[PDB]
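Colleague: Let me give you the structure first, and then I'll get to my questions.
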Amino acid sequence: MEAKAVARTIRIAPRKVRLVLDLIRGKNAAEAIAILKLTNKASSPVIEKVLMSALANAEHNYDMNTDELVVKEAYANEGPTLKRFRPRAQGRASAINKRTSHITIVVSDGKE
Amino acid sequence: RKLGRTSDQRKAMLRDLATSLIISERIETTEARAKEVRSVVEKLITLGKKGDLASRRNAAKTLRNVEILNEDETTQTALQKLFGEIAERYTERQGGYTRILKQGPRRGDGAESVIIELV
Amino acid sequence: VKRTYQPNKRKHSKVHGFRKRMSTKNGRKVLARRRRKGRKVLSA
Amino acid sequence: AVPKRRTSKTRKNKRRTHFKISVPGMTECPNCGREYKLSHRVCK
RNA sequence: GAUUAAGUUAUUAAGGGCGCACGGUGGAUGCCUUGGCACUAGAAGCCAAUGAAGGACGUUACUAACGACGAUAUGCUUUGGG
RNA sequence: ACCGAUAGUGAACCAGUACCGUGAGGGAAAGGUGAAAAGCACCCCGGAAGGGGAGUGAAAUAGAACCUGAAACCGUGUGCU
RNA sequence: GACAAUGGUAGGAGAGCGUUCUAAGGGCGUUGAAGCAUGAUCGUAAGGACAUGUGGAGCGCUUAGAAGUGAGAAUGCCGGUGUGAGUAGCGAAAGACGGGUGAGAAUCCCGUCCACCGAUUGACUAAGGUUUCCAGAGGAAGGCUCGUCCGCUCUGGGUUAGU
RNA sequence: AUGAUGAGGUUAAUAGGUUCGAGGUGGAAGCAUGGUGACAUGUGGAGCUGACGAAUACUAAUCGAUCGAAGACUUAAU
Ligand SMILES: [Mg+2]
Ligand SMILES: [Mg+2]
Ligand SMILES: [Mg+2]
Ligand SMILES: [Mg+2]
Ligand SMILES: [Mg+2]
Ligand SMILES: [Mg+2]
Ligand SMILES: [Mg+2]
Ligand SMILES: [Mg+2]
Ligand SMILES: [Mg+2]
Ligand SMILES: [Mg+2]
Ligand SMILES: [Mg+2]
Ligand SMILES: [Mg+2]
Ligand SMILES: [Mg+2]
Ligand SMILES: [Mg+2]
Ligand SMILES: [Mg+2]
Ligand SMILES: [Mg+2]
Ligand SMILES: [Mg+2]
Ligand SMILES: [Mg+2]
Ligand SMILES: [Mg+2]
Ligand SMILES: [Mg+2]
Ligand SMILES: [Mg+2]
Ligand SMILES: [Mg+2]
Ligand SMILES: [Mg+2]
Ligand SMILES: [Mg+2]
Ligand SMILES: [Mg+2]
Ligand SMILES: [Mg+2]
Ligand SMILES: [Mg+2]
Ligand SMILES: [Mg+2]
Ligand SMILES: [Mg+2]
Ligand SMILES: [Mg+2]
Ligand SMILES: [Mg+2]
Ligand SMILES: [Mg+2]
Ligand SMILES: [Mg+2]
Ligand SMILES: [Mg+2]
Ligand SMILES: [Mg+2]
Ligand SMILES: [Mg+2]
Ligand SMILES: [Mg+2]
Ligand SMILES: [Mg+2]
Ligand SMILES: [Mg+2]
Ligand SMILES: [Mn+2]
Ligand SMILES: [Mn+2]
Ligand SMILES: [Mn+2]
Ligand SMILES: [Mn+2]
Ligand SMILES: [Mn+2]
Ligand SMILES: [Mn+2]
Ligand SMILES: [Mn+2]
Ligand SMILES: [Mn+2]
Ligand SMILES: [Mn+2]
Ligand SMILES: [Mn+2]
Ligand SMILES: [Mn+2]
Ligand SMILES: [Mn+2]
Ligand SMILES: [Mn+2]
Ligand SMILES: [Mn+2]
Ligand SMILES: [Mn+2]
Ligand SMILES: [Mn+2]
Ligand SMILES: [Mn+2]
Ligand SMILES: [Mn+2]
Ligand SMILES: [Mn+2]
Ligand SMILES: [Mn+2]
Ligand SMILES: [Mn+2]
Ligand SMILES: [Mn+2]
Ligand SMILES: [Mn+2]
Ligand SMILES: [Mn+2]
Ligand SMILES: [Mn+2]
Ligand SMILES: [Mn+2]
Ligand SMILES: [Mn+2]
Ligand SMILES: [Mn+2]
Ligand SMILES: [Mn+2]
Ligand SMILES: [Mn+2]
Ligand SMILES: [Mn+2]
Ligand SMILES: [Mn+2]
Ligand SMILES: [Mn+2]
Ligand SMILES: [Mn+2]
């Protein structure tokens with residue numbers, strides 16, 4: 001049936017990934033592929049790669065009609081956050097969150 | 001008239017860009033520098049179309065000092081290229097010796113990108 | 001501004017090395033305490 | 001000047017209702033199967 | 001004409017709220033024990049110029065680290081066990 | 001009729017160690033796949049990371065950042081509004 | 001069956017709920033323990049069951065014993081994760097283009113031009129550092145962006161004295 | 001500031017260029033002459049000229065996409 005793929009632990013902040021994802025969601029596979037290609041945000045190549053892979057194993061593993069698909073759903077979830085810091089004035093240092101995200105994409109068709 | 005940096009830097013920058021566009025006869029840059037340069041390069045081409053020694057020295061005033069610009073075997077310096085094949089190429093033309101084509105956004109700075117060539 | 005601590009192998013060795021430690025009863029007491037604690041590193 | 005009380009989940013969300021990249025202007029590309037930005041060049 | 005007039009009502013959700021469903025992060029909770037903790041009974045209570053305590057440096061086919069061992073180096077002889 | 005991983009030694013993990021100080025000195029955090037490594041051949045997207053199949057397994061919705069997996073917190077869908 | 005009494009701070013008094021361990025008794029449990037999750041369930045309270053899901057071992061009940069027996073506040077200690085907020089910052093400074101490389105280039109290599117220091121941003125060395133030097137690979141992390149690059153990572157290799 | 005506002009987007013003067021101008025500068029270069037020369041004079045109100053005025057489609061405003069009506073009920077009056 002309708003297919004899915006995940007990019008786990010990507011080094012982009014979810015707050016950022018979600019921006020493009022919101023463009024992509026519920027769109028037809030071609031539109032979404034385009035919008036991903038032409039959007040100027042950094043997450044775009046990544047989500048491109050993920051919608052692409054999801055489509056690929058949608059075809060090879062379920063013999064799906066690659067034209068008729070839609071982006072059933074797409075979203076990012078909080079991944080583990082690597083924690084850094086930068087030195088500041090008067091010897092104090094301040095926290096920094098290098099956040100990561102579990103991007104997820106699900107292509108679909110006639111549900112039943 | 002536009003700005004990237006300081007008036008002297010802006011001058012040198014446009015000089016470099018125009019001289020360069022005359023060498024390699026099309027280039028890639030920001031839409032802004034493209035829109036600024038087209039003025040200068042077109043004015044240099046008109047000096048070249050004029051042909052008089054006055055306008056040759058005027059051309060030399062802005063144009064960058066050197067090229068190999070050799071093509072088939074040695075020769076043409078930029079300036080000489082300008083007053084040479086370049087000028088003769090456009091003598092029958094009205095104005096506008098330059099077009100700007102839009103590449104779309106660059107990667108690292110997300111600058112708009114464009115190609116500027118000369119026909 | 002120059003900071004405190006301008007390193008000197010010749011001077012750090014003295015007042016802090018095994019010999020200068022052992023030179024007096026108190027350094028003996030020191031190395032005693034550190035070996036007793038179990039330091040991977042005793043003196044300099 | 002520092003916040004005097006914390007933003008609620010809900011306040012901060014009403015704040016971000018305008019915070020979103022909008023869909024790019026795009027068009028049917030060169031008859032080459034591509035897809036390109038409006039008024040920007042086809043590419044080979 | 002839903003035309004005219006007066007009056008009364010609805011749909012909208014950019015976004016938000018409550019309820020629910022499916023996830024993510026996180027590592028509480030349960031279960032567990034390699035380690036501790038306080039005592040019992042009995043041995044034991046010193047080692048060192050015949051160079052100790054503790055080290056440093058070396059030794060494995062490949063060897064960074066701990067342990068073992070030491071230029072006879074990841075061990076030798078010897079007697080008993082197995 | 002002591003502790004059960006913030007507990008019990010500082011140290012259940014090669015702790016007086018990362019780290020900190022000129023120095024005496026101070027002094028952590030960090031236990032758990034499974035019965036068995038059987039640790040996912042192979043095909044697919046991808047430079048990889050990662051992932052969908054196909055498989056091992058009672059279980060991987062046990063996949064190594066691995067028992068259980070609470071709350072804060074972050075997200076998708078929506079019934080009423 | 002009557003009839004009275006039953007606001008309450010410091011405080012006194014009384015009856016009880018629950019947690020851990022022990023003892024004895026009696027039971028449940030891979031036909032699935034604890035824990036966790038949800039529910040519209042029960043008792044006057046603290047609280048107790050029941051069902052379904054998850055989970056994959058251990059648990060209750062009764063009587064009594066003993067306590068590291070109950071948390072929302074100590075600018076309490078530790079851990080996590082929010083708010084602030086896509087906010088501040090990104091550490092003095094001149095770059096532009098062409099040609100390479102590459103999965104990907106404002107940032108790597110090569111080239112041309114331009115620019116900056118020039119009693120120095122050049123040259124040699126003392127302290128101190130102690131492999132950062134070299135070459136070929138690499139890109140998770142470190143680099144305040146990017147990275148094909150690096151004082152970063154892997155592999156191998158480099159310091160030669162009678163004066 | 002951004003957005004918003006306005007001028008335009010080929011059947012087009014919206015910006016750039018091109019050609020004239022306005023205003024600004026004050027006499028370009030090359031040459032000729034006069035000087036021993038520094039310099040002076042002529043060619044010649046010369047040359048140069050951001051934003052200001054016009055003319056001209058020579059370059060660029062390409063192809064294209066999205067958004068947007070079918071008009072509730074009651075009562076009175078035609
Ligand atoms: Mg924060
Ligand atoms: Mg700037
Ligand atoms: Mg002009
Ligand atoms: Mg032309
Ligand atoms: Mg030494
Ligand atoms: Mg938000
Ligand atoms: Mg009306
Ligand atoms: Mg919305
Ligand atoms: Mg004894
Ligand atoms: Mg003796
Ligand atoms: Mg010894
Ligand atoms: Mg501990
Ligand atoms: Mg001190
Ligand atoms: Mg499977
Ligand atoms: Mg798996
Ligand atoms: Mg975890
Ligand atoms: Mg949760
Ligand atoms: Mg709704
Ligand atoms: Mg919502
Ligand atoms: Mg039961
Ligand atoms: Mg409950
Ligand atoms: Mg809930
Ligand atoms: Mg109980
Ligand atoms: Mg009980
Ligand atoms: Mg009791
Ligand atoms: Mg507190
Ligand atoms: Mg912003
Ligand atoms: Mg602010
Ligand atoms: Mg190269
Ligand atoms: Mg290379
Ligand atoms: Mg290439
Ligand atoms: Mg110097
Ligand atoms: Mg320097
Ligand atoms: Mg490479
Ligand atoms: Mg390299
Ligand atoms: Mg260096
Ligand atoms: Mg208007
Ligand atoms: Mg006309
Ligand atoms: Mg003369
Ligand atoms: Mn400091
Ligand atoms: Mn200057
Ligand atoms: Mn929102
Ligand atoms: Mn003796
Ligand atoms: Mn635990
Ligand atoms: Mn130190
Ligand atoms: Mn095990
Ligand atoms: Mn491949
Ligand atoms: Mn793989
Ligand atoms: Mn199986
Ligand atoms: Mn288990
Ligand atoms: Mn787990
Ligand atoms: Mn009372
Ligand atoms: Mn009363
Ligand atoms: Mn009392
Ligand atoms: Mn228990
Ligand atoms: Mn249950
Ligand atoms: Mn029971
Ligand atoms: Mn009891
Ligand atoms: Mn307590
Ligand atoms: Mn920004
Ligand atoms: Mn601001
Ligand atoms: Mn800023
Ligand atoms: Mn800087
Ligand atoms: Mn260079
Ligand atoms: Mn200079
Ligand atoms: Mn000077
Ligand atoms: Mn120097
Ligand atoms: Mn030295
Ligand atoms: Mn190097
Ligand atoms: Mn980086
Ligand atoms: Mn010699
Ligand atoms: Mn159109
Ligand atoms: Mn009515």
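Starting from 1 in every chain, residues are counted up; chains themselves are A, B, ... following the order of the structure tokens, and ligands are numbered from 1 as listed.
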Write as a ChimeraX atom specification the residues around ligand 52, taking 12 Å as the cut-off and counting only C-alpha atoms (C1' of nucleotides) and all ligand atoms.
Modeller: /G:5-8
Colleague: Please report as a PyMOL selection string which residues of chain A come no farther than 9 Å from chain F, using only C-alpha atoms (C1' of nucleotides).
Modeller: chain A and resi 3-10+14+49-50+52-61+73-78+80
Colleague: What are the residues of chain H lining chain B at 6 Å or less? Count only C-alpha atoms (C1' of nucleotides), and put the answer as a PyMOL selection string.
Modeller: chain H and resi 17-18+29+58-59
Colleague: List every residue of region 12-44 of chain D that DSSP, applied to the backbone, labels as strand (DSSP E), and write the result as a list in words.
Modeller: residues 26, 27, 36 and 37 of chain D
Colleague: Check every protein, DNA and RNA residue against ligand 36, keep those with an atom at most 12 Å away (counting only C-alpha atoms (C1' of nucleotides) and all ligand atoms), and present them as a PyMOL selection string.
Modeller: chain G and resi 132-133+150-151
Colleague: Generate a file of the selected residues that holds C-alpha atoms (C1' of nucleotides), formatted as a PDB file, in the first residue's frame.
Modeller:
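Full text of selection37.pdb as output:
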ATOM      1  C1'   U G 132      50.273  21.088  15.484  1.00  0.00           C
ATOM      2  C1'   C G 133      55.594  19.878  10.388  1.00  0.00           C
ATOM      3  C1'   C G 150      41.682  22.756   7.753  1.00  0.00           C
ATOM      4  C1'   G G 151      46.367  23.754  13.254  1.00  0.00           C
TER       5        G G 151
END
Colleague: Would you list the residues that come within 9 Å of ligand 62? Count only C-alpha atoms (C1' of nucleotides) and all ligand atoms and give the answer as a list in words.
Modeller: residues 88, 89 and 90 of chain G
Colleague: Using the selection just defined, write its residues with N, CA and C atoms (P, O5', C5', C4', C3', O3' and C1' of nucleotides) as a PDB file, in the first residue's frame.
Modeller:
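Everything below was put into selection.pdb:
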ATOM      1  P     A G  88      17.854  40.640  15.562  1.00  0.00           P
ATOM      2  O5'   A G  88      19.036  40.902  16.600  1.00  0.00           O
ATOM      3  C5'   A G  88      18.778  41.485  17.864  1.00  0.00           C
ATOM      4  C4'   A G  88      19.901  41.227  18.834  1.00  0.00           C
ATOM      5  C3'   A G  88      21.298  41.055  18.252  1.00  0.00           C
ATOM      6  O3'   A G  88      21.918  42.282  17.918  1.00  0.00           O
ATOM      7  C1'   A G  88      20.911  39.396  19.872  1.00  0.00           C
ATOM      8  P     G G  89      22.951  42.393  16.690  1.00  0.00           P
ATOM      9  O5'   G G  89      24.046  41.276  16.984  1.00  0.00           O
ATOM     10  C5'   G G  89      25.084  41.501  17.929  1.00  0.00           C
ATOM     11  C4'   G G  89      25.899  40.250  18.204  1.00  0.00           C
ATOM     12  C3'   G G  89      26.722  39.698  17.049  1.00  0.00           C
ATOM     13  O3'   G G  89      27.951  40.380  16.869  1.00  0.00           O
ATOM     14  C1'   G G  89      25.529  37.940  18.053  1.00  0.00           C
ATOM     15  P     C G  90      28.579  40.559  15.396  1.00  0.00           P
ATOM     16  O5'   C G  90      28.887  39.066  14.939  1.00  0.00           O
ATOM     17  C5'   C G  90      29.997  38.343  15.448  1.00  0.00           C
ATOM     18  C4'   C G  90      30.117  37.022  14.742  1.00  0.00           C
ATOM     19  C3'   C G  90      30.313  37.099  13.232  1.00  0.00           C
ATOM     20  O3'   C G  90      31.673  37.227  12.858  1.00  0.00           O
ATOM     21  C1'   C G  90      28.559  35.592  13.734  1.00  0.00           C
TER      22        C G  90
END
